[PDB]
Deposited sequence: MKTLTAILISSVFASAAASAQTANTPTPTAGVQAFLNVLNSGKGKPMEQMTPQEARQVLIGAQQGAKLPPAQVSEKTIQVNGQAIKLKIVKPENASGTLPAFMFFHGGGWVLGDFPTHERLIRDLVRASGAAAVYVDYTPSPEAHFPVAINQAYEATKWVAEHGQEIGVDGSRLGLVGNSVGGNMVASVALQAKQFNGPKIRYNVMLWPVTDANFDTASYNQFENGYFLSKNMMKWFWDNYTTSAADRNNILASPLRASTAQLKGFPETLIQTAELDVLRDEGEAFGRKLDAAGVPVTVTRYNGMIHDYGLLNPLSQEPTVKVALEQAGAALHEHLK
């Protein structure tokens, strides 16, 4: 009886090219119809673009606190985010924000951070590193490492088990994850349970296939990336330093890197260098997972206008679930 209907005309019908999802396309359509390119702005002007765009988002419940640490004649501001009904001592992850070294701060990233805390059950420790061009390489990655060391050694002071410590970051913050992990390897600690590199920057080069395919029109442009790198450091030697361009590390330099998750966006100039870095990690014996989220642009999980995109909600839940498993 059913089989007759199933084979009938009731169910008759009549190239995997990258395209944004409908929700991402709607965001891009307005952006691309707008004005002045970011690389022609001052740092202050560019910072305000992200501040104004992120302002006023609905924040999911979480507990936020603040601590300023003193390390090696340096004050470092931390913002600590915990699940709303947190009790007892929690594992933690450092959180390194994106923004091309020039942009970004805690409020711009707060919704993303809260999403990752909720999905992982772990405390986030945001590091308020000095932006570029006020500082150049390697000021911020040094601050990031020193703050990581402080949490590992003193984390009980903020209710965290510093022995169960991850590193999480988006974009240049994902670069910062790799930079802190490589410092920790060279300096014999602290131990890191897991890295989450969200759509990371991994190389000071602008000629991968994805750089060419998504050069303009996909929110993050090639020229923005060049501007960001120029504000960070114009030194060829710095750009050849694995703490800036971790894609340039050899297999031997990557051996022993922490277990890692890399998320990439299908329509992101940075996609190919993030995926390539994952392949290099695996060749060095590092346990690594690389997930490409189709239809997405760079910073899909950051931009508050995209916070209800189905892929965004799933991707961040999935990053949190992986983190939770590795912080037990």
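Residues 1-2, 17-22, 43 of the deposited sequence have no C-alpha coordinates in the model.
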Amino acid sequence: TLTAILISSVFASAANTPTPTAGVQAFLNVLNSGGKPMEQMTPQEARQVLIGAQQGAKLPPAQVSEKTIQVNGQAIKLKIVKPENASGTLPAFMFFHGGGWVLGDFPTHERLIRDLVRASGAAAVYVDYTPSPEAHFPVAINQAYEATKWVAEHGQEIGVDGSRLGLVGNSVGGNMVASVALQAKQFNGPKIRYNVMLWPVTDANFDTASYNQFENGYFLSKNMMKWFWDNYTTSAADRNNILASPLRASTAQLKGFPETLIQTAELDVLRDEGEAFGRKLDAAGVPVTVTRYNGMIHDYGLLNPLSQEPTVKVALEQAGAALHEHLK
From here on, numbers count along this sequence of modelled residues.
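For the pair 103-111 and 82-90, the mean Cα B-factor is higher in 82-90. Look at the mean CA B-factor for 259-267 and for 58-66 in the entry; the higher one is 58-66. When the C-alpha B factors of 218, 187, 145, 194 are read from the deposited coordinates, the top value falls at 187.
Comparing C-alpha B-factors across 210, 179, 130, 234 in the deposited entry, the largest value falls on 234. When the modelled residues of the chain are ordered by their C-alpha B factor, residue 29 lands in the middle third. Residue 77: CA B factor lies in the highest third for its chain, per the PDB record. Residue-level temperature factors show residue 50 in the highest third of its chain, judged at the C-alpha atom. The deposited CA B-factor of residue 223 belongs to the middle third of values across its chain. Split the chain's modelled residues into thirds by C-alpha temperature factor. Residue 202 is in the lowest one.
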